[PDB]
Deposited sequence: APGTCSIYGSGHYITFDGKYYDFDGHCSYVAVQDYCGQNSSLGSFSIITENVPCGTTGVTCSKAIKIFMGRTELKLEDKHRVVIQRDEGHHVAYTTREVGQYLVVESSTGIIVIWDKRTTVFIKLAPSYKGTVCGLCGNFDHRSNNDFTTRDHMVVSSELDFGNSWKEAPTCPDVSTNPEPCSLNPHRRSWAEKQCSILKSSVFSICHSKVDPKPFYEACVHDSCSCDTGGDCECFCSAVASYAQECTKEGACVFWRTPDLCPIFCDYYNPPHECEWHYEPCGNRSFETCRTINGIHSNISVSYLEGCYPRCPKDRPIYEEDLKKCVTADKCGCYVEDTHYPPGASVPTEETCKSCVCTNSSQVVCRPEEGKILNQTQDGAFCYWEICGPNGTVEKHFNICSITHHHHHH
C-alpha cells in the first residue's frame, strides 16, 4: 500500500490520492516534502521539479528533479543523476528499463524517464505528513489543494503558485488551451490519442479510467508544436500504460509503426541479450538490486529494454554493462561502483583499502607513525 505521485508531459499531475489536474508554471516547485507543519525547520526531504515552457501555447514541462534528503541534494538533469552536495542518508541509483531510479533507505523512490515524466513513491509511513503539488497522501482527494499556507482552495493556479521554490518566479494567471490555439493539430492529436480508448487498452479500462490521460495526450499533441510531437504522444500513452501495469493490466501497446523501441540496438555482434519487456520482469537481478537498497516498494514493473543473462552469469552488472557471477559484481560505497581489484578511497588516516576479487571491501594499515 504505497502512494504514487505522477508528473508528466506538458503540465499534468496526479496526486498520491487520485486527483488529476493540470498546472503550467515556469518555475521550480515542490512536488512533495514533509516540511509541512508550522516549523520552517521540521522535516526530512523535499522533491522539487524544475519546469520550463515547452511549445508556443504557454504550457510547461518538467525538465529536472531536485532531491533533498536531509542535508543532501541530488539533481536529475541532462539524463544523469548528479550529486550537488553530500555529507549521511543512504540512496542507490539504478537504471531500470526506460527509466532512472533513485531509491533511499528512508522509504522514497523517484522514477524519472529522463524527459518530462517522474513518478514519486512514498512508503505508507508518510501518510498525512507530506504536502506540495502531490498532495498530502491521506487517501482523500477533496483536500490535496492545500496552499503552502494551509488554506484549502479550488483554484488549480493558486495552489500551484504557492508551491514555487524561488520567489522571483512570476505567477501563472491562465491555463493554456493548446488545441483551440492550434486547431490545425486537432485532427492528428485526436487520431493518435484514440488508442487510449481503443481495444488495445481494453483490459485496463476496468482498472484505470482513460479520460484524463486521453485528454492530456491530446493537450500535448496540440501543444507540442515546436518539434518532436511524437515524443509527446508516446510519452503520453506510456504514462497510461504505467498506471495499468501498476493496477494489474499490463498492455503491449507498442508496435513498429506506433512508438517503436529499439532494444536490439544494445545487442553485441552474435548475441540476442536485449529485449523489450512491456511489464518488466519481477525477478530481474542486477548487481545493484542485490547489494544496494532493498525496500518493500517495487519498481520491477517498468517498461524498457532489459538484458537476459545466462545461467553461468545470471547477474547484470549495470556500470560495466556485462553479465557476471554474483561475487564478481564489485563494491558499492556511496553509490559508486568499484570493480574487483580496484582500490577504494578513504578519508581515513594510515588506512588503505581495496575491493577484493570477491566483491568485499577490506582495509589494511600502513606503518610508515601508525600501527594496527
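### Query
Which parts of the deposited chain sequence are absent from the coordinates, listed in sequence order?
Unmodelled stretches, in sequence order: 88-90, 372-381, 386-410.
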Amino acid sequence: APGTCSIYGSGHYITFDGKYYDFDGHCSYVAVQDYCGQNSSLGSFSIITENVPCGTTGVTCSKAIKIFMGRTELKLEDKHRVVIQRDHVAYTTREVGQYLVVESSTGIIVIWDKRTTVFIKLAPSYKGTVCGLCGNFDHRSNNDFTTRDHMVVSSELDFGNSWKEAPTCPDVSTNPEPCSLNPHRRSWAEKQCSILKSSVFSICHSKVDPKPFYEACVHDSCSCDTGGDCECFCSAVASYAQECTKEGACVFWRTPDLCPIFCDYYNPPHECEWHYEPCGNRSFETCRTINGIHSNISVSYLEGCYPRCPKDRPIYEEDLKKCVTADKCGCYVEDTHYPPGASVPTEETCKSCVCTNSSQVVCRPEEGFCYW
From here on, numbers count along this sequence of modelled residues.
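### Task
Look over 315-323 and 44-52 in the entry and identify the one with the greater average Cα temperature factor.
Higher mean C-alpha B-factor: 315-323.
### Query
Per the PDB record, is the mean Cα temperature factor higher over 246-254 or over 185-193?
The stretch with the larger average C-alpha B-factor is 246-254.
### Task
Return the residue from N175, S199, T116, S295 that has the highest Cα B-factor in the entry.
The record points to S295.
### Query
Among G304, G70, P340, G58, where is the Cα temperature factor highest, going by the PDB entry?
That would be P340.
### Task
Using the B-factors in the PDB entry, rank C272's C-alpha atom against the chain and give the third, lowest, middle or highest.
According to the entry, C272 has a C-alpha B-factor in the chain's highest third.
### Query
If you rank every modelled residue in this chain by C-alpha B factor, which third holds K75: lowest, middle or highest?
Lowest third - that is where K75 ends up once the chain's C-alpha B-factors are sorted.
### Query
In terms of the chain's CA B-factor thirds, is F284 lowest, middle or highest?
Within its chain, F284 is a highest-third residue by C-alpha B-factor, going by the deposited values.
### Message
Which third, lowest, middle or highest, does the C-alpha temperature factor of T226 belong to within its own chain?
### Response
Within its chain, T226 is a lowest-third residue by C-alpha B-factor, going by the deposited values.
### Query
Split the chain's modelled residues into thirds by Cα B-factor; is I108 in the lowest, middle or highest one?
Middle third - that is where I108 ends up once the chain's C-alpha B-factors are sorted.
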